[PDB]
Every structure is written in C-alpha cells, then in structure tokens.
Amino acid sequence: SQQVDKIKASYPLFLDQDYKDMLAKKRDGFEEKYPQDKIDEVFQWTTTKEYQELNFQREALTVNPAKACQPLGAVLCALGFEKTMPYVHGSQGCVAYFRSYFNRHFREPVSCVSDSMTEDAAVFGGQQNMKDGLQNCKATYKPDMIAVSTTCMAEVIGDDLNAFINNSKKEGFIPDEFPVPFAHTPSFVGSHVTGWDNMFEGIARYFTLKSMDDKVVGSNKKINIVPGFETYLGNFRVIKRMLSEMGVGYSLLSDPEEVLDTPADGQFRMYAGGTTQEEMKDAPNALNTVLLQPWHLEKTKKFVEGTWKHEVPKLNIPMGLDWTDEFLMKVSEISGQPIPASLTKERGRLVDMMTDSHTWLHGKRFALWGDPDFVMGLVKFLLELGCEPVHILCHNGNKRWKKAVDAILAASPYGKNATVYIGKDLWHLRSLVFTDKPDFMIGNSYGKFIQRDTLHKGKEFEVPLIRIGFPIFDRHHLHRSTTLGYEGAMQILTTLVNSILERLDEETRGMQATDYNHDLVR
C-alpha cells in the first residue's frame, strides 16, 4: 500500500508489515535457507584471523577486484584528443560496459564505438569489420581522428590491427591521410592503466615515428605533460593552472577535461576541446616530457626517451607537499621560469591547514586502495599528515612499485605499522580491516560493502569509507574534485579531518551517555 502524499520507494516500502510477512513466507516456504544461527556463525568466522589465512592462500580465485581491463584505459586516453572517436575493434559487449562505467562516474556522455565482431570473424578475422567500421564511424560521427584499441576476442584470434587499418585505407574505406592510431590492448595483460599507456604510446608513434628528421629538442620551448589514466577533472585543471601561473609553455597530451564537462545549454556536444593532432606532431620539439603517473607510463617513457630523445625526469606523481614541491622545482629548472609568488603562498596556506588540523589527524589509521601512482601519493601525503597508512593495497601493483612504496614507509616513523599488498583484492582487504582494524578506509565505491560488513559485526568495529579514487558511483560530482598539487592536498586534508570529526560527532551524540564530549568547538 501507499499513502498518496507520502509515497515510499523500495526503502522503506518493503519494511511494511505485509511485505515483511510475505518475505518471511517466501524464505520459509521455498528458499531452503540456512538457519540464521548458522549464518551468524559463518559470518563471525569470516571476520577471523583463521579465515584471513585461508583467504590469503588463494591462487585461482579473485573476489571483488580493484582493477578493470586495458581497453577501458585506452578509451579514456583517446577521449582526450580533439574530435577523436575511441574505437574498440572486437566485440560490442565491451563498449556498452566501458561507456556505462564512465557514464556512472562522470555523469556525462561517453562516446565510443565498436566494430561488432561476431562468431563469424572468429574464424576468418575482423578485417571486413574494420573496413566498414572505420568508414561508418568517420561518416556518421564525423571525428577528425579514430583511435583504435582491441577487446580480448580480437587479441586471442590474432587480428593484425596495423595491416587491417592499412588495408582499409588501401581499399578506399577512409582517406589515406585520415589519422587512425592504434594499440593492442589485451584485457588478460595488466589492467586499465596498461591500456592507457598502450593507447598513448600508439598515438605518439602514429604522429612522430616517421617524422623525427626535422625535430629539435627544445625548439618549441614547451614542456609536454602526460597525465595518465585520470578520472578527476580537477587534476587536469590544477596542472594547467599551475603551469599557466608559472608562465610555463606546456602541452597536455591527452586532455579530456572539456569533453567530460560539457554545459547543459540545449545541445549535445559529442566532442569538445582536447589535445590537437598538431600538439602531438610537434611534441618532439619540447624541452622535455613529464609523466604525471610514471608507474603506468613505462611503454610511453621508452618511446619518449628512445625516439624523441627527451630525458624524462624522475618525478613522483605530484601529490602532497614534498612531491608538489619537487614537481614545481623541476618544471622551474627545465623551463627557466621561477616559481611565482602565487604558488609559494598557496603552498604556505596548505602548510597552515596542516598545522591547524594536525591534532585530529595524528595517529589515525587507514586502509586504502587504488592505482599505483595514486596510492603511493596518498601514502606519502598521509605520512606528511602524521597518519598511519596501515593497509595499502594495489591490486594492479608490481614488485618494483612495492619496493618503492616500502622505502617511503621506512623513511618515516608513521610507516611503522604499514604493509603494502599487491595482487590482492578487496576480499583480502575485508579480512585485514577486521583482524587489524583501521579507523577509516580511503577508497572507491566498492569499499562501501566492506563498511557494511564491518558494521554487521558491530558498531564499534565499523570502519567508515572515505571516497577518494575510481570509480565513485554512489555520490554525486566528486569527479570534479582535485587530488594533485597543493589544491588537491588541501582537498584531501579537509575531507580526511572532517570525516574524522563527523565520526566523532556520531560517537558522542548520545544524550547523557557520550555527549559529555559533544563539543561545539573542535
């Protein structure tokens, strides 16, 4: 039933007595459900050290992974180029998923096509798909460039992207001059960030490999910036802002910030802004190339150094105070531009915030996850804040990265009770936050289900989630935030300290029980 002036959606409708009774009858009548006491018993067991040890002996089973697949990253990279259509050669199921996954995080349109390879192409290949696909895409969506990746079907059957694209041009399906950079993006190798790197190196190749003869390092007086797989609009913005403030010439290679933030003004814009083909053609003429996320830009790095002859500086992602400082100092060195007064002041304002908030942050324990560069920056900043990054999980991390993070931990007293995990998933992490409970998790939306599980053990075991990462599906507009630079550090500090004070207010809100500490001033 409904009262027409107070209509109930699923929650709390199904809490009405008649739905409750109905649901009880279904259970008892037809579900052959395990008794509740047995359910409680198994649940408590999954919270144990014993269960954790079995959980960590898994070899074949992954549960609640914290990574996606290559072509996802290839798509996001391609979206950052002017009037460019990402095109995934292979099966169409994939593209519906890529688009939806990004739609949900950005609450924006996400344009991407497939050439709809079916079981027939599985035995004669997808060459015809590529011919008609490229022609159809170009004519229907009028892109100035089509950036081609692959789904795992196309990888397994072995379709030769280069030859198929060359033949499409040869047989007149698209003009010879029409740019169609490509990359093989096998989902069974690495992760979404690997896809990004592969796609980016492929585009750089396409526009520079055969034209190096007339290039001269430094001749355009600019610095190239490669952002990597990046899902916060504020991160593209903060980089350009700081470089502009410095008077530094730069070229941001792969820049989706416009096409992922079009105005609702009565028209749909399929494409907006983005890196130009010219910028890619001319990138070898830069003074140098800075990688914002070096731990998933390895292929790109080899090409930039091997072919462009740039001497890519050894720089961490610019997160936190020390690493933003180093980034700016390196840019200053390369460009001959002093760090302006404005950035120096912003820096001091961040430091001021750290001094204001340090007493609530001190000693706070966190479990966290994400992509390797993001995770290491978050770890770094946490130490800068006097927090303990106790459970550090990077599903797509590697041995070399883990060593690096481990050294950053060792260099601080706050890293003493921290462990870095690679190859582990959120079901591993779930055990850790039960057996060695932190104060909070910093992670993506999948973390909410871990918070749920912890509260079921008890309120005093609940570990609240603080949403920073990708994907964030269950809050609105966090994708507008910033995690890089001083601006990003300020945003993270503010979200951390306030999540702490929120939870304290919750724990002290009980009248005549815990409200002696329900302070007006904190």
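The first residue of the sequence shown is number 1, and the count goes up from there.
Colleague: Could you check which stretch, 123-131 or 86-94, carries the larger mean CA temperature factor in the entry?
Modeller: Stretch with the greater average CA B-factor: 123-131.
Colleague: With respect to the recorded C-alpha B factors, which stretch has the higher mean value, 357-365 or 411-419?
Modeller: In the deposited entry, the stretch with the higher C-alpha B-factor mean is 411-419.
Colleague: Could you say which of 439, 155, 425, 371 has its CA atom at the highest B factor, as listed in the PDB entry?
Modeller: Of the options given, 155 has the highest CA B-factor in the PDB entry.
Colleague: Could you say which of 195, 143, 227, 348 has its CA atom at the highest B factor, as listed in the PDB entry?
Modeller: That would be 143.
Colleague: Grab the CA temperature factor for residue 41 from the record and place it in the lowest, middle or highest third of its chain.
Modeller: Its C-alpha B-factor, which the entry lists for residue 41, ranks in the highest third among residues of this chain.
Colleague: With respect to C-alpha B-factor, does residue 54 fall in the lowest, middle or highest third of the chain as deposited?
Modeller: Its C-alpha B-factor, which the entry lists for residue 54, ranks in the highest third among residues of this chain.
Colleague: Based on the deposited C-alpha B factors for this chain, I'd like to know if residue 5 is in the lowest, middle or highest third.
Modeller: Tercile = highest for this residue's CA B-factor.
Colleague: Split the chain's modelled residues into thirds by Cα B-factor; is residue 318 in the lowest, middle or highest one?
Modeller: Ranked within chain, residue 318 CA B lands in the middle tercile.
Colleague: Lowest, middle or highest third: which one holds residue 485 when the chain's residues are ordered by CA B-factor from the entry?
Modeller: It falls in the bottom third of the chain.
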